[PDB]
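Structure file model02.txt with compact mmCIF, C-alpha atoms and all ligand atoms:
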# COMPACT_ATOMS: atom_id res chain seq x y z
CA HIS E 56 35.49 -199.68 -96.17
CA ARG E 57 33.86 -196.60 -97.71
CA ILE E 58 35.92 -193.47 -97.18
CA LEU E 59 34.67 -189.90 -97.62
CA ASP E 60 37.59 -187.39 -97.89
CA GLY E 61 36.42 -184.19 -96.20
CA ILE E 62 39.11 -181.97 -97.65
CA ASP E 63 38.73 -178.39 -96.44
CA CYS E 64 35.59 -179.19 -94.45
CA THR E 65 35.08 -180.32 -90.91
CA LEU E 66 32.23 -182.87 -90.60
CA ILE E 67 30.30 -180.51 -88.29
CA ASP E 68 30.58 -177.71 -90.87
CA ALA E 69 29.49 -180.12 -93.57
CA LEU E 70 26.37 -180.86 -91.57
CA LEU E 71 25.63 -177.24 -90.56
CA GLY E 72 25.91 -176.44 -94.24
CA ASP E 73 28.78 -174.02 -94.74
CA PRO E 74 28.99 -172.75 -98.35
CA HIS E 75 32.22 -174.48 -99.37
CA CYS E 76 30.89 -177.72 -97.82
CA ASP E 77 27.65 -178.13 -99.77
CA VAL E 78 29.52 -180.48 -101.98
CA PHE E 79 28.73 -182.93 -99.14
CA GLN E 80 24.94 -182.67 -98.73
CA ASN E 81 23.28 -186.02 -98.27
CA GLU E 82 26.61 -187.94 -98.34
CA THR E 83 27.20 -191.23 -96.57
CA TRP E 84 30.42 -192.68 -95.22
CA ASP E 85 31.84 -195.59 -93.31
CA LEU E 86 34.86 -193.54 -92.24
CA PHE E 87 34.87 -189.71 -92.45
CA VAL E 88 38.42 -188.40 -92.80
CA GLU E 89 38.73 -184.84 -91.37
CA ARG E 90 41.78 -183.10 -92.94
CA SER E 91 44.10 -180.73 -90.97
CA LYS E 92 44.06 -178.47 -94.01
CA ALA E 93 40.41 -177.93 -93.22
CA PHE E 94 38.66 -174.70 -92.34
CA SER E 95 35.35 -172.93 -91.82
CA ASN E 96 34.14 -169.84 -93.58
CA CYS E 97 30.70 -168.58 -92.57
CA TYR E 98 29.03 -166.91 -89.60
CA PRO E 99 31.24 -167.63 -86.59
CA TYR E 100 29.70 -170.30 -84.35
CA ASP E 101 30.23 -172.43 -81.26
CA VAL E 102 28.56 -175.70 -80.44
CA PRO E 103 28.58 -176.61 -76.80
CA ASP E 104 29.44 -180.30 -76.53
CA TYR E 105 30.97 -180.04 -79.99
CA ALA E 106 32.78 -183.05 -78.76
CA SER E 107 29.59 -185.10 -78.91
CA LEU E 108 27.79 -183.62 -81.91
CA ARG E 109 30.77 -184.71 -84.06
CA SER E 110 30.65 -188.19 -82.54
CA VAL M 166 5.64 -173.93 -84.07
CA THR M 167 5.42 -177.71 -83.89
CA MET M 168 6.43 -180.71 -86.04
CA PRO M 169 5.42 -184.35 -85.32
CA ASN M 170 7.83 -187.23 -85.85
CA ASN M 171 5.38 -189.74 -87.30
CA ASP M 172 7.87 -191.95 -89.16
CA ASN M 173 9.45 -194.87 -87.29
CA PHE M 174 13.00 -193.61 -87.03
CA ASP M 175 14.79 -190.93 -85.04
CA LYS M 176 14.93 -187.38 -86.34
CA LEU M 177 17.87 -185.10 -85.47
CA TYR M 178 17.48 -181.27 -85.48
CA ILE M 179 20.39 -178.80 -85.52
CA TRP M 180 19.25 -175.37 -84.47
CA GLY M 181 20.84 -172.39 -82.76
CA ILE M 182 20.67 -168.98 -81.08
CA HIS M 183 22.14 -165.61 -81.98
CA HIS M 184 24.18 -163.66 -79.44
CA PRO M 185 24.66 -160.06 -80.66
CA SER M 186 27.46 -157.68 -79.67
CA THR M 187 25.20 -154.68 -78.83
CA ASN M 188 21.64 -153.72 -77.99
CA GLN M 189 21.53 -151.50 -81.12
CA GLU M 190 21.89 -154.75 -83.14
CA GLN M 191 19.37 -156.64 -81.03
CA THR M 192 16.48 -154.22 -81.29
CA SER M 193 17.29 -153.91 -85.03
CA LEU M 194 17.08 -157.61 -85.84
CA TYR M 195 14.73 -159.08 -83.22
CA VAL M 196 12.63 -156.19 -81.93
CA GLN M 197 12.60 -157.25 -78.23
CA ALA M 198 14.96 -156.13 -75.46
CA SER M 199 15.86 -159.71 -74.44
CA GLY M 200 15.11 -162.84 -76.43
CA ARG M 201 14.90 -166.49 -75.46
CA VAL M 202 14.70 -169.82 -77.26
CA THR M 203 12.99 -172.96 -75.89
CA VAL M 204 12.99 -176.15 -77.97
CA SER M 205 11.33 -179.11 -76.37
CA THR M 206 10.09 -182.61 -76.87
CA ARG M 207 7.58 -184.28 -74.54
CA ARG M 208 10.24 -186.09 -72.59
CA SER M 209 12.99 -183.36 -72.57
CA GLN M 210 13.66 -179.62 -72.69
CA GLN M 211 16.35 -176.86 -73.12
CA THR M 212 15.96 -173.08 -72.89
CA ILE M 213 18.94 -171.06 -74.02
CA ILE M 214 19.20 -167.32 -73.35
CA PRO M 215 21.42 -164.97 -75.49
CA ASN M 216 24.26 -162.76 -74.17
CA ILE M 217 24.62 -159.29 -75.77
CA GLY M 218 28.40 -158.92 -75.78
CA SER M 219 31.43 -158.10 -77.87
CA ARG M 220 33.64 -161.00 -79.05
CA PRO M 221 36.74 -161.09 -81.27
CA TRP M 222 36.15 -159.58 -84.69
CA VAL M 223 36.08 -162.61 -87.04
CA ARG M 224 35.36 -162.41 -90.78
CA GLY M 225 33.87 -159.01 -90.06
CA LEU M 226 31.55 -159.89 -87.21
CA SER M 227 32.02 -159.67 -83.41
CA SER M 228 28.66 -161.34 -82.90
CA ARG M 229 28.12 -165.08 -82.64
CA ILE M 230 25.90 -168.11 -83.16
CA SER M 231 25.62 -170.94 -80.61
CA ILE M 232 24.49 -174.45 -81.88
CA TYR M 233 22.13 -176.94 -80.24
CA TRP M 234 20.59 -180.28 -81.32
CA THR M 235 17.38 -181.97 -80.21
CA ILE M 236 16.64 -185.60 -81.20
CA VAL M 237 12.99 -186.45 -81.56
CA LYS M 238 11.93 -190.03 -81.32
CA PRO M 239 8.90 -191.57 -83.09
CA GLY M 240 5.59 -190.34 -81.62
CA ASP M 241 7.38 -187.70 -79.54
CA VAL M 242 6.61 -184.27 -81.02
CA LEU M 243 8.99 -181.25 -81.37
CA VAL M 244 8.06 -177.73 -80.26
CA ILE M 245 10.07 -174.51 -80.82
CA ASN M 246 9.09 -171.40 -78.83
CA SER M 247 10.85 -168.03 -79.01
CA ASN M 248 10.38 -164.29 -78.67
CA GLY M 249 13.58 -163.36 -80.56
CA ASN M 250 17.22 -164.44 -81.29
CA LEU M 251 16.20 -167.75 -82.94
CA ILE M 252 18.16 -169.65 -85.55
CA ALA M 253 15.56 -172.15 -86.66
CA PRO M 254 16.12 -175.46 -88.49
CA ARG M 255 14.65 -176.32 -91.89
CA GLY M 256 14.20 -179.95 -90.99
CA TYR M 257 15.99 -182.99 -89.75
CA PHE M 258 18.64 -185.53 -90.53
CA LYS M 259 18.12 -189.24 -90.75
CA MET M 260 19.75 -190.88 -87.80
CA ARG M 261 21.07 -194.28 -88.73
CA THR M 262 23.10 -196.37 -86.31
CA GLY M 263 26.09 -198.40 -87.43
CA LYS M 264 29.85 -198.91 -87.57
CA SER M 265 30.54 -195.51 -89.11
CA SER M 266 33.10 -193.25 -87.43
CA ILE M 267 35.37 -190.25 -88.01
CA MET M 268 39.21 -190.34 -88.10
CA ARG M 269 41.53 -187.34 -88.11
CA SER M 270 44.29 -187.75 -90.65
CA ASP M 271 46.50 -186.02 -93.15
CA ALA M 272 47.53 -188.99 -95.31
CA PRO M 273 46.37 -189.66 -98.81
CA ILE M 274 43.79 -192.19 -100.06
CA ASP M 275 44.55 -194.94 -102.58
CA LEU O 111 45.25 -178.73 -64.84
CA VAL O 112 47.13 -176.37 -62.53
CA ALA O 113 48.58 -179.25 -60.57
CA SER O 114 49.86 -180.71 -63.85
CA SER O 115 51.16 -177.39 -65.20
CA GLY O 116 53.46 -177.64 -62.17
CA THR O 117 53.82 -173.85 -61.96
CA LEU O 118 52.14 -170.79 -60.48
CA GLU O 119 54.24 -168.35 -62.58
CA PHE O 120 52.32 -165.15 -63.02
CA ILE O 121 53.04 -162.44 -65.57
CA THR O 122 51.05 -159.26 -64.67
CA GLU O 123 49.49 -157.28 -67.50
CA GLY O 124 48.09 -153.76 -67.44
CA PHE O 125 44.47 -153.85 -68.59
CA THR O 126 42.40 -150.72 -69.22
CA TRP O 127 39.62 -150.73 -66.64
CA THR O 128 38.10 -147.39 -67.63
CA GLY O 129 35.38 -145.71 -65.55
CA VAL O 130 35.57 -148.11 -62.60
CA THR O 131 37.10 -148.18 -59.14
CA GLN O 132 39.65 -150.97 -59.07
CA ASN O 133 41.13 -152.84 -56.16
CA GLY O 134 38.05 -153.35 -53.98
CA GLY O 135 39.12 -155.51 -51.03
CA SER O 136 37.03 -156.79 -48.10
CA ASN O 137 37.08 -157.51 -44.37
CA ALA O 138 36.71 -161.19 -45.11
CA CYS O 139 39.95 -161.14 -46.99
CA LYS O 140 42.16 -159.30 -44.55
CA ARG O 141 45.62 -158.56 -45.84
CA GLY O 142 47.62 -157.71 -42.76
CA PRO O 143 46.05 -154.62 -41.21
CA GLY O 144 42.96 -153.64 -43.26
CA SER O 145 40.84 -155.18 -45.99
CA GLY O 146 42.06 -157.02 -49.09
CA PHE O 147 41.36 -159.45 -51.85
CA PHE O 148 42.85 -162.25 -53.83
CA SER O 149 46.22 -161.07 -54.96
CA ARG O 150 45.57 -162.21 -58.55
CA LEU O 151 42.16 -160.67 -58.82
CA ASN O 152 40.95 -157.11 -59.22
CA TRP O 153 37.58 -156.13 -57.88
CA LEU O 154 35.95 -153.56 -60.21
CA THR O 155 33.37 -151.24 -58.60
CA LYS O 156 31.40 -148.18 -59.88
CA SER O 157 33.25 -144.92 -60.41
CA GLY O 158 31.67 -142.15 -58.36
CA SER O 159 28.12 -142.63 -59.73
CA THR O 160 28.55 -144.84 -62.88
CA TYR O 161 29.48 -148.34 -64.23
CA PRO O 162 29.85 -148.49 -68.01
CA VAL O 163 30.16 -151.31 -70.52
CA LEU O 164 33.78 -152.38 -70.06
CA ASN O 165 35.33 -153.87 -73.13
CA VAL O 166 39.06 -154.54 -72.78
CA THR O 167 41.16 -156.86 -74.99
CA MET O 168 44.45 -158.69 -74.51
CA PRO O 169 46.10 -160.29 -77.49
CA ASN O 170 48.59 -163.05 -76.89
CA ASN O 171 51.65 -163.06 -79.09
CA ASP O 172 54.21 -165.21 -77.22
CA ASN O 173 54.94 -168.80 -78.23
CA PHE O 174 52.92 -170.36 -75.36
CA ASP O 175 49.57 -171.04 -73.83
CA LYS O 176 48.14 -168.40 -71.41
CA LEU O 177 45.78 -169.37 -68.58
CA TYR O 178 43.47 -166.64 -67.31
CA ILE O 179 41.60 -166.81 -63.98
CA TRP O 180 38.67 -164.41 -63.59
CA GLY O 181 35.49 -164.30 -61.57
CA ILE O 182 32.02 -162.88 -61.08
CA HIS O 183 30.23 -161.47 -58.05
CA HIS O 184 26.96 -162.85 -56.62
CA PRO O 185 25.46 -160.25 -54.26
CA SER O 186 23.21 -161.01 -51.32
CA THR O 187 20.66 -158.32 -51.98
CA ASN O 188 19.31 -156.19 -54.83
CA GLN O 189 20.61 -153.12 -53.06
CA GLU O 190 24.16 -154.53 -52.63
CA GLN O 191 24.04 -155.26 -56.38
CA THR O 192 23.17 -151.73 -57.33
CA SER O 193 25.32 -150.09 -54.61
CA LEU O 194 28.41 -151.46 -56.31
CA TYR O 195 27.81 -152.19 -59.91
CA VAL O 196 24.87 -149.74 -60.35
CA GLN O 197 22.82 -151.86 -62.85
CA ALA O 198 19.81 -154.20 -62.31
CA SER O 199 21.89 -157.27 -63.00
CA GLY O 200 25.45 -157.66 -64.24
CA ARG O 201 26.81 -159.87 -67.00
CA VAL O 202 30.32 -161.00 -67.82
CA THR O 203 31.46 -162.46 -71.14
CA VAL O 204 34.97 -163.86 -71.73
CA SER O 205 35.91 -164.93 -75.22
CA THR O 206 38.67 -166.17 -77.59
CA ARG O 207 38.25 -166.44 -81.39
CA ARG O 208 37.05 -170.07 -80.84
CA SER O 209 35.54 -170.29 -77.20
CA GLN O 210 32.95 -168.14 -75.37
CA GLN O 211 31.33 -167.99 -71.89
CA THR O 212 28.65 -165.80 -70.32
CA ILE O 213 27.92 -165.93 -66.58
CA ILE O 214 25.22 -163.80 -65.01
CA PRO O 215 25.25 -162.89 -61.37
CA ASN O 216 22.46 -164.27 -59.16
CA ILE O 217 21.30 -161.80 -56.55
CA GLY O 218 20.69 -163.73 -53.29
CA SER O 219 21.60 -164.91 -49.79
CA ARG O 220 23.95 -167.70 -48.95
CA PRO O 221 25.06 -168.88 -45.50
CA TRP O 222 27.29 -166.64 -43.37
CA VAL O 223 30.94 -167.28 -44.34
CA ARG O 224 33.38 -164.96 -42.57
CA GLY O 225 30.88 -162.14 -42.13
CA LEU O 226 29.58 -162.45 -45.67
CA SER O 227 26.65 -164.10 -47.47
CA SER O 228 27.62 -163.01 -50.98
CA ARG O 229 30.07 -165.11 -53.13
CA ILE O 230 32.47 -165.30 -56.05
CA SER O 231 32.14 -167.80 -58.83
CA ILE O 232 35.64 -168.33 -60.36
CA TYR O 233 36.15 -169.48 -63.91
CA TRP O 234 39.03 -169.92 -66.44
CA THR O 235 39.70 -169.13 -70.06
CA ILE O 236 42.90 -170.16 -71.85
CA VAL O 237 44.13 -168.24 -74.81
CA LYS O 238 46.40 -170.13 -77.21
CA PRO O 239 49.27 -168.38 -79.09
CA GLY O 240 48.11 -165.69 -81.50
CA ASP O 241 44.54 -165.72 -80.21
CA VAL O 242 43.05 -162.92 -78.16
CA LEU O 243 41.09 -162.49 -74.95
CA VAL O 244 38.13 -160.13 -74.79
CA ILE O 245 36.65 -159.47 -71.35
CA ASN O 246 33.39 -157.48 -71.53
CA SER O 247 30.76 -156.63 -68.92
CA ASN O 248 28.11 -154.21 -67.70
CA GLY O 249 28.60 -155.17 -64.07
CA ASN O 250 29.96 -157.65 -61.51
CA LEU O 251 33.29 -158.72 -63.06
CA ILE O 252 35.94 -159.95 -60.71
CA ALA O 253 38.63 -159.13 -63.25
CA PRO O 254 41.96 -160.75 -64.00
CA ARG O 255 45.30 -159.03 -63.20
CA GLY O 256 47.19 -160.90 -65.95
CA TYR O 257 47.87 -164.51 -66.67
CA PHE O 258 49.61 -167.69 -65.50
CA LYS O 259 52.15 -169.62 -67.61
CA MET O 260 51.25 -173.10 -68.64
CA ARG O 261 53.84 -175.80 -69.01
CA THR O 262 53.02 -179.33 -70.02
CA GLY O 263 54.60 -181.32 -67.17
CA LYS O 264 54.87 -184.69 -65.42
CA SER O 265 53.58 -183.04 -62.27
CA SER O 266 50.63 -183.60 -59.95
CA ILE O 267 48.84 -182.71 -56.74
CA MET O 268 48.49 -185.46 -54.07
CA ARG O 269 46.73 -185.20 -50.66
CA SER O 270 48.62 -186.63 -47.70
CA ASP O 271 49.42 -185.82 -44.12
CA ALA O 272 52.75 -187.65 -44.23
CA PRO O 273 55.75 -185.65 -43.02
CA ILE O 274 58.57 -184.92 -45.52
CA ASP O 275 62.15 -186.15 -45.28
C1 LIG R 1 35.12 -153.72 -77.96
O1 LIG R 1 36.53 -153.83 -77.99
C2 LIG R 1 37.11 -154.66 -78.98
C3 LIG R 1 38.63 -154.54 -78.91
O2 LIG R 1 39.05 -153.80 -77.76
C4 LIG R 1 36.64 -154.24 -80.36
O3 LIG R 1 37.18 -155.18 -81.27
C5 LIG R 1 37.80 -154.50 -82.39
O4 LIG R 1 36.87 -153.93 -83.30
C6 LIG R 1 37.34 -153.43 -84.56
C7 LIG R 1 36.12 -153.15 -85.45
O5 LIG R 1 35.78 -151.78 -85.34
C8 LIG R 1 38.33 -154.31 -85.35
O6 LIG R 1 38.99 -153.52 -86.36
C9 LIG R 1 39.44 -154.30 -87.51
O7 LIG R 1 40.80 -154.74 -87.42
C10 LIG R 1 41.22 -155.68 -88.42
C11 LIG R 1 42.67 -156.11 -88.11
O8 LIG R 1 43.48 -156.32 -89.26
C12 LIG R 1 40.99 -155.09 -89.84
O9 LIG R 1 41.09 -156.13 -90.81
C13 LIG R 1 39.66 -154.31 -90.02
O10 LIG R 1 39.73 -153.42 -91.11
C14 LIG R 1 39.25 -153.49 -88.79
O11 LIG R 1 39.96 -152.26 -88.77
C15 LIG R 1 39.31 -155.07 -84.42
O12 LIG R 1 39.90 -156.21 -85.08
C16 LIG R 1 38.61 -155.54 -83.14
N1 LIG R 1 39.55 -156.19 -82.26
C17 LIG R 1 39.18 -157.29 -81.64
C18 LIG R 1 40.25 -157.91 -80.79
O13 LIG R 1 38.05 -157.77 -81.75
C19 LIG R 1 35.12 -154.09 -80.40
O14 LIG R 1 34.67 -153.55 -81.62
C20 LIG R 1 34.72 -153.12 -79.29
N2 LIG R 1 33.29 -152.85 -79.28
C21 LIG R 1 32.78 -151.73 -78.75
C22 LIG R 1 31.28 -151.59 -78.81
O15 LIG R 1 33.50 -150.85 -78.25
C1 LIG R 2 18.27 -165.10 -44.68
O1 LIG R 2 18.29 -165.96 -43.58
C2 LIG R 2 19.59 -166.23 -43.09
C3 LIG R 2 19.52 -167.27 -41.97
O2 LIG R 2 18.22 -167.43 -41.45
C4 LIG R 2 20.25 -164.94 -42.62
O3 LIG R 2 21.54 -165.25 -42.17
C5 LIG R 2 21.73 -164.85 -40.82
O4 LIG R 2 21.88 -163.46 -40.77
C6 LIG R 2 22.29 -162.92 -39.52
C7 LIG R 2 22.49 -161.40 -39.69
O5 LIG R 2 23.70 -161.08 -40.38
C8 LIG R 2 23.55 -163.60 -38.96
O6 LIG R 2 23.74 -163.26 -37.59
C9 LIG R 2 25.14 -163.23 -37.19
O7 LIG R 2 25.56 -164.46 -36.57
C10 LIG R 2 26.96 -164.41 -36.34
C11 LIG R 2 27.64 -165.78 -36.34
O8 LIG R 2 27.55 -166.44 -35.10
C12 LIG R 2 27.09 -163.50 -35.12
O9 LIG R 2 28.38 -163.69 -34.59
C13 LIG R 2 26.83 -162.05 -35.63
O10 LIG R 2 26.95 -160.99 -34.68
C14 LIG R 2 25.47 -161.96 -36.34
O11 LIG R 2 24.46 -161.64 -35.40
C15 LIG R 2 23.42 -165.10 -39.02
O12 LIG R 2 24.66 -165.70 -38.82
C16 LIG R 2 22.99 -165.53 -40.38
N1 LIG R 2 22.80 -166.95 -40.23
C17 LIG R 2 23.12 -167.81 -41.18
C18 LIG R 2 22.87 -169.25 -40.85
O13 LIG R 2 23.57 -167.49 -42.28
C19 LIG R 2 20.32 -163.95 -43.77
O14 LIG R 2 20.88 -162.73 -43.33
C20 LIG R 2 18.90 -163.77 -44.27
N2 LIG R 2 18.84 -162.86 -45.40
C21 LIG R 2 18.12 -161.75 -45.39
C22 LIG R 2 18.16 -160.92 -46.64
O15 LIG R 2 17.44 -161.39 -44.42
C1 LIG R 3 56.75 -164.20 -61.58
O1 LIG R 3 57.63 -164.53 -62.67
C2 LIG R 3 58.10 -163.49 -63.49
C3 LIG R 3 58.87 -164.06 -64.72
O2 LIG R 3 59.87 -165.03 -64.44
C4 LIG R 3 58.92 -162.59 -62.52
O3 LIG R 3 59.63 -161.52 -63.22
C5 LIG R 3 58.89 -160.54 -64.01
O4 LIG R 3 57.49 -160.53 -63.69
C6 LIG R 3 56.87 -159.27 -63.93
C7 LIG R 3 55.34 -159.37 -63.78
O5 LIG R 3 54.92 -158.98 -62.48
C8 LIG R 3 57.38 -158.64 -65.26
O6 LIG R 3 58.29 -157.59 -64.89
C9 LIG R 3 58.08 -159.63 -66.25
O7 LIG R 3 57.18 -160.28 -67.16
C10 LIG R 3 59.04 -160.64 -65.57
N1 LIG R 3 60.36 -160.39 -66.22
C11 LIG R 3 60.87 -161.13 -67.22
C12 LIG R 3 62.21 -160.71 -67.80
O8 LIG R 3 60.30 -162.15 -67.64
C13 LIG R 3 58.25 -162.20 -61.15
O9 LIG R 3 58.98 -162.55 -59.98
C14 LIG R 3 57.01 -162.95 -60.74
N2 LIG R 3 55.88 -162.01 -60.69
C15 LIG R 3 55.28 -161.69 -59.52
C16 LIG R 3 54.14 -160.70 -59.59
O10 LIG R 3 55.64 -162.19 -58.44
Starting from the file, lay out its structure as structure tokens.
Amino acid sequence: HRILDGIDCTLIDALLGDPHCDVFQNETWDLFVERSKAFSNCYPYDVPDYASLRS
Amino acid sequence: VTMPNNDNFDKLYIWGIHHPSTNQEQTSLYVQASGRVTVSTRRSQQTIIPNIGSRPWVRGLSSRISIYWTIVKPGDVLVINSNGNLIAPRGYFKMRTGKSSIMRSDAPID
Amino acid sequence: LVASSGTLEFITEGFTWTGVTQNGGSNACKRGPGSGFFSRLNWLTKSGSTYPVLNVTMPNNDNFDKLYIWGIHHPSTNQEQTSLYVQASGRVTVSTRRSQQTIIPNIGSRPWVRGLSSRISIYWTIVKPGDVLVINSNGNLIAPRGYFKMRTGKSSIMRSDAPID
């Protein structure tokens, strides 16, 4: 399978385009591995039905 | 503004709305008293209204962004209307469909 | 989630409701002789002639999950709205570092229920350890008197009319 290691990015952040996540622009994965070491670091946001927008 | 989906695949748009902490900040940024954001395709619709209020201080700010997505199918056309508070998109994502998923883990690759 | 908590343990906290009359009760909610209100709610009204932006906070430091139960008031009539909370239309906004909600009252008639055709929409926010609450409103908050403890339990509600033995 093709694994993309998110490191200190959540997939949602990656998408939204948080500075320290722009490493990931345009990337493609079979399985996206969200690490517990991960954070966010840009305007503070909420996404109602975050749940689903990740999925 | 408006932006056809004339390809033959589904476009995804992530957009959002700003909720400020005070009316001083509102009038400063978006000149109106109360804003509003309505993003809509032909078939569906969502209007989100901001909420001028003070939240936990976080990396400086006690203001906030809320995030919304619209999917626009082929033919279907997207339309964004607002009189303030808008966090607009720059475009879309390709929506594929397939066996791709997301796992939460802390163990190393090899 | 309460049923499963398996506890109604309530630790009262002093908030700072500045510039507002607290403790509004009603004839609907009679507490023995005269008027009253939900024991774990605090009805904030205008103070003499004013109702200001309220903006309290309540950090949680203990090693457990706090549950907070707070409301909002939906008046029957534009005059009832102003008579209490003084503004055109209220707003309540309850937040943790992560979450956020904003209700807005809706001025209007409901059916008569125990003398009244106003209402209270209840809601809940949970603050994890080391987070913070931040209640904030220009009008209409049915404010929390503190918090309930939350255990993770094997417990549940069940509805029966069987007698116990
Ligand atoms: C409404 O009330 C809340 C709290 O009651 C206010 O939030 C507080 O705002 C100040 C900013 O002026 C924050 O001060 C900062 O503290 C951190 C802590 O280490 C420090 O790094 C900064 O140098 C700064 O001094 C404070 O954290 C913040 N507290 C919370 C819980 O958000 C809010 O500003 C009030 N707004 C109004 C209009 O009254
Ligand atoms: C909008 O219309 C509704 C219903 O058409 C109004 O509600 C009605 O208001 C009257 C006046 O308070 C209520 O009369 C009361 O009936 C009770 C119950 O039996 C009686 O014991 C009392 O002495 C009193 O006369 C009536 O119950 C109530 N009916 C219903 C179904 O809610 C409402 O007040 C109207 N709103 C406005 C702004 O006019
Ligand atoms: C509910 O439980 C608490 C804690 O077991 C009871 O005792 C105290 O509660 C009050 C809050 O009203 C505070 O003095 C303390 O936080 C508690 N003390 C300690 C040492 O934890 C109390 O019986 C109950 N509270 C009410 C309002 O009935």
(request) Let me have all residues with an atom within 9 Å of ligand LIG 3 (chain R), counting all atoms listed in the file, laid out as a PyMOL selection string. (result) chain O and resi 118-123+150+256+258-259
Could I get the residues of chain M with an atom no further than 10 Å from an atom of ligand LIG 1 (chain R), each paired with its nearest atom pair and that distance in Å to one decimal, using only C-alpha atoms and all ligand atoms, sorted by chain and residue number, as a tab-separated table?
residue	atom	partner	partner_atom	distance
M:186	CA	R:LIG1	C22	7.2
M:187	CA	R:LIG1	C22	6.8
M:188	CA	R:LIG1	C22	9.9
M:218	CA	R:LIG1	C22	8.4
M:219	CA	R:LIG1	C1	5.7
M:220	CA	R:LIG1	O13	6.1
M:221	CA	R:LIG1	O13	3.6
M:222	CA	R:LIG1	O13	3.9
M:223	CA	R:LIG1	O13	7.4
M:224	CA	R:LIG1	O9	8.5
M:225	CA	R:LIG1	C13	7.5
M:226	CA	R:LIG1	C7	8.3
M:227	CA	R:LIG1	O13	6.5
M:228	CA	R:LIG1	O14	9.9
(message) Based on all atoms listed in the file, which of the residues in chain O come within 8 Å of chain E? I want them as a PyMOL selection string.
(response) chain O and resi 208-210
(request) Residues within 7 Å of ligand LIG 2 (chain R) should be enumerated using only C-alpha atoms and all ligand atoms and returned as a list in words. (result)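 Listed by chain and ascending number, the contacts are residues 186, 187, 219, 220, 221, 222 and 227 of chain O.
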(request) Return the single residue from E:84, E:95, E:109, E:90 that is closest to residue 67 (chain E), with distances computed using all atoms listed in the file. (result)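 Closest to residue 67 (chain E), using all atoms listed in the file: E:109.
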(request) For the point (27.1, -182.8, -98.8) in the file's frame, write as a ChimeraX atom specification all residues with an atom no more than 12 Å away, counting all atoms listed in the file. (result) /E:59-61,64-84
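Take the candidates M:266, M:183, M:217, M:229 and check each one against residue 97 (chain E) using only C-alpha atoms; the shortest distance goes to M:229.
Separating CA of residue 166 (chain O) from CA of residue 251 (chain M) is a distance of 28.3 Å.
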Can you build me a table of chain O residues sitting at most 12 Å from chain M, with the closest atom pair per residue and its distance in Å to one decimal, using all atoms listed in the file, sorted by chain and residue number, as CSV?
residue,atom,partner,partner_atom,distance
O:163,CA,M:218,CA,9.4
O:164,CA,M:219,CA,10.0
O:165,CA,M:219,CA,7.5
O:166,CA,M:219,CA,9.8
O:167,CA,M:221,CA,8.8
O:168,CA,M:221,CA,10.5
O:169,CA,M:221,CA,10.1
O:200,CA,M:216,CA,11.2
O:201,CA,M:216,CA,8.1
O:202,CA,M:218,CA,8.4
O:203,CA,M:218,CA,6.6
O:204,CA,M:220,CA,8.0
O:205,CA,M:220,CA,5.9
O:206,CA,M:221,CA,6.6
O:207,CA,M:221,CA,5.6
O:208,CA,M:221,CA,9.0
O:209,CA,M:220,CA,9.7
O:210,CA,M:220,CA,8.1
O:211,CA,M:216,CA,9.1
O:212,CA,M:216,CA,6.6
O:213,CA,M:216,CA,9.0
O:214,CA,M:216,CA,9.3
O:241,CA,M:221,CA,9.1
O:242,CA,M:221,CA,7.3
O:243,CA,M:221,CA,7.8
O:244,CA,M:220,CA,6.3
O:245,CA,M:220,CA,8.4
O:246,CA,M:219,CA,6.7
O:247,CA,M:218,CA,7.6
O:248,CA,M:218,CA,9.4
Save the residues we just selected, C-alpha atoms, as a JSON list (two decimals), in the frame of the given file?
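That gives us out_9.json:
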[["chain", "number", "residue", "atom", "x", "y", "z"],
["O", 163, "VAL", "CA", 30.16, -151.31, -70.52],
["O", 164, "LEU", "CA", 33.78, -152.38, -70.06],
["O", 165, "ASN", "CA", 35.33, -153.87, -73.13],
["O", 166, "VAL", "CA", 39.06, -154.54, -72.78],
["O", 167, "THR", "CA", 41.16, -156.86, -74.99],
["O", 168, "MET", "CA", 44.45, -158.69, -74.51],
["O", 169, "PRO", "CA", 46.10, -160.29, -77.49],
["O", 200, "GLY", "CA", 25.45, -157.66, -64.24],
["O", 201, "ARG", "CA", 26.81, -159.87, -67.00],
["O", 202, "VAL", "CA", 30.32, -161.00, -67.82],
["O", 203, "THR", "CA", 31.46, -162.46, -71.14],
["O", 204, "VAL", "CA", 34.97, -163.86, -71.73],
["O", 205, "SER", "CA", 35.91, -164.93, -75.22],
["O", 206, "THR", "CA", 38.67, -166.17, -77.59],
["O", 207, "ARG", "CA", 38.25, -166.44, -81.39],
["O", 208, "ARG", "CA", 37.05, -170.07, -80.84],
["O", 209, "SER", "CA", 35.54, -170.29, -77.20],
["O", 210, "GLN", "CA", 32.95, -168.14, -75.37],
["O", 211, "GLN", "CA", 31.33, -167.99, -71.89],
["O", 212, "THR", "CA", 28.65, -165.80, -70.32],
["O", 213, "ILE", "CA", 27.92, -165.93, -66.58],
["O", 214, "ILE", "CA", 25.22, -163.80, -65.01],
["O", 241, "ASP", "CA", 44.54, -165.72, -80.21],
["O", 242, "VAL", "CA", 43.05, -162.92, -78.16],
["O", 243, "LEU", "CA", 41.09, -162.49, -74.95],
["O", 244, "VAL", "CA", 38.13, -160.13, -74.79],
["O", 245, "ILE", "CA", 36.65, -159.47, -71.35],
["O", 246, "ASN", "CA", 33.39, -157.48, -71.53],
["O", 247, "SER", "CA", 30.76, -156.63, -68.92],
["O", 248, "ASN", "CA", 28.11, -154.21, -67.70]]
